[PDB]
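We count residues from 1, following the sequence as given. We count ligands from 1, going down the list as the structure has it; atoms in each ligand are counted the same way.
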Amino acid sequence: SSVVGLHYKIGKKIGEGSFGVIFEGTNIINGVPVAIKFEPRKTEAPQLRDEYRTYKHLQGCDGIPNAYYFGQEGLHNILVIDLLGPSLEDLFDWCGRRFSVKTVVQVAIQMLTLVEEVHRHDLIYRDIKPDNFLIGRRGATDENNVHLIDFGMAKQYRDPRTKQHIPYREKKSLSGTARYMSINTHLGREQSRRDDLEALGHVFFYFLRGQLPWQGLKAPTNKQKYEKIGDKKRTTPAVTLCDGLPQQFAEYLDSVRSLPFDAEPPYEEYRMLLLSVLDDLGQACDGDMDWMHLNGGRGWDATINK
Ligand SMILES: c1ccc(-c2n[nH]cc2-c2ccnc3ccccc23)nc1
Ligand SMILES: [Cl-]
Ligand SMILES: [Cl-]
């Protein structure tokens with residue numbers, strides 16, 4: 001039927017997830033807009049059900065959408081969650097592939113808070129990239145706030161009751177996105193909370209610079225290319241990444257790269273560190289974001305941008 005999960009009318013296709021595609025849709029009881037992701041039920045790698053459990057585990061966290069429904073529909077499983085807006089990668093593109101210092105600080109502290117909340121619920125995220133952080137919808141209270149989706153790579157890093165941390169191990173697969181992943185991930189080491197925060201540091205520099213110096217590397221195989229990228233990360237000092245930029249961002253990357261494997265990161269310290277950038281620069285943390293000035297002040301538009 002045109003309606004799935006009893007209550008959700010399917011609309012146009014808005015994206016593609018890992019395995020199936022993503023549609024927008026409407027709750028036919030209240031009109032609330034939703035995103036609906038499909039996954040072939042007889043598929044080699046199952047993740048949608050785990051994503052639902054993660055969303056329910058995270059229910060109530062600011063910036064994490066509600067999950068309303070999971071179930072089997074024909075040959076597929078579906079997951080229905082709140083509908084969101086463009087990703088930070090989309091908006092970065094539309095803004096000319098550079099964000100102002102102010103926008104980067106402001107998104108950075110929201111991203112730190114989001115990852116902190118994931119960590120507080122005993123999970124590491126393991127797939128940090130601008131494409132998985134989405135803003136809200138036009139006209140909504142959370143229109144320009146940062147949200148986090150796609151929990152397919154998330155994993156428990158500690159026991160929920162005892163808080164015993166998982167053991168360090170090596171020889172893990174290079175699952176993740178090479179542009180942003182931590183050095184430890186390149187080396188096949190078990191990921192922990194520090195690796196999510198290091199990937200954030202890479203993303204911050206990407207937004208500030210417009211690129212990272214390990215983009216555009218070539219090699220005959222994906223494995224060798226990931227290795228050259230890891231090699232460049234290991235040999236590029238954070239103050240070199242930070243040339244001409246507020247040095248708080250170098251201090252941040254160096255600090256999170258230094259964290260012990262099982263250590264609890266000082267999240268609020270990091271947020272205060274990046275906030276001091278705005279103090280230095282005589283700026284306010286007032287919510288004004290670069291993408292809000294697109295298209296004459298209208299914001300991003302499906303015709304000119306998307
Ligand atoms: C259920 C439904 C969607 C998703 C989802 N995965 N990746 C992006 C979205 C998404 C989530 C929310 N709004 C969006 C809007 C456009 C494109 C993707 C999304 N996950 C589970
Ligand atoms: Cl694993
Ligand atoms: Cl590249």
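- Looking only at protein heavy atoms, the nearest one to atom 17 (C) of ligand 1 is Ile14 CD1, 3.9 Å.
- When only non-hydrogen protein atoms are considered, atom 1 (C) of ligand 1 lies nearest to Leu79 O, 3.3 Å.
- With respect to atom 5 (C) of ligand 1, the closest heavy atom belonging to the protein is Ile22 CD1, 3.6 Å.
- Distances from ligand 1 to the non-hydrogen atoms of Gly15 include no value under 4.0 Å.
- More than 12 heavy atoms of other residues, nucleotides or ligands lie within 6.0 Å of CZ in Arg138, so this atom counts as buried by the packing criterion.
- Of the possible polar contacts, none joining the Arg189 side chain to the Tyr168 backbone as a donor-acceptor pair under 3.5 Å is found.
- With hydrogens left out, the protein atom closest to atom 6 (N) of ligand 1 is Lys37 NZ, 3.2 Å, a heavy atom.
- Transitive grouping of hydrophobic side chains (ILVMFWY, heavy atoms separated by less than 4.5 Å) brings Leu253 and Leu245 into a common cluster.
- Of all the atoms in ligand 1, the ones that sit under 4.0 Å from a non-hydrogen atom of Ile149 are 7 (N), 8 (C).
- Summary of contacts: the protein heavy atom closest to atom 3 (C) of ligand 1 is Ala35 CB, 3.6 Å.
- Among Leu148, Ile81, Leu83, the residue whose heavy atom lies nearest to atom 11 (C) of ligand 1 is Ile81.
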Worksheet entry | Derivation of the side chain to side chain contact (heavy atoms under 4.5 Å, CB included) call for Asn184 and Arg194 | CA-CA 9 Å; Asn184 303 305; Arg194 64 185 183 173; 3.3 Å; yes
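- Protein heavy atom at the shortest distance from atom 19 (C) of ligand 1 is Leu134 CD2, 3.7 Å.
- Closest approach of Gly287 and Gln106 over heavy atoms only: N-OE1, 2.8 Å.
- Of all protein heavy atoms, the one closest to atom 15 (C) of ligand 1 is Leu84 O, 3.5 Å.
- Under the side chain to side chain contact (heavy atoms under 4.5 Å, CB included) test applied with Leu79, the options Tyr69, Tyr55, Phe38, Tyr68 reduce to a single match, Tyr55.
- Taking the six-membered ring where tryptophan is involved, the planes of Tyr180 and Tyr206 are perpendicular, since the angle between them exceeds 60° and thus also 30°.
- When only non-hydrogen protein atoms are considered, atom 12 (C) of ligand 1 lies nearest to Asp82 O, 3.4 Å.
- A donor-acceptor pair under 3.5 Å is formed between the side chain of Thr54 and the backbone N or O of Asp50.
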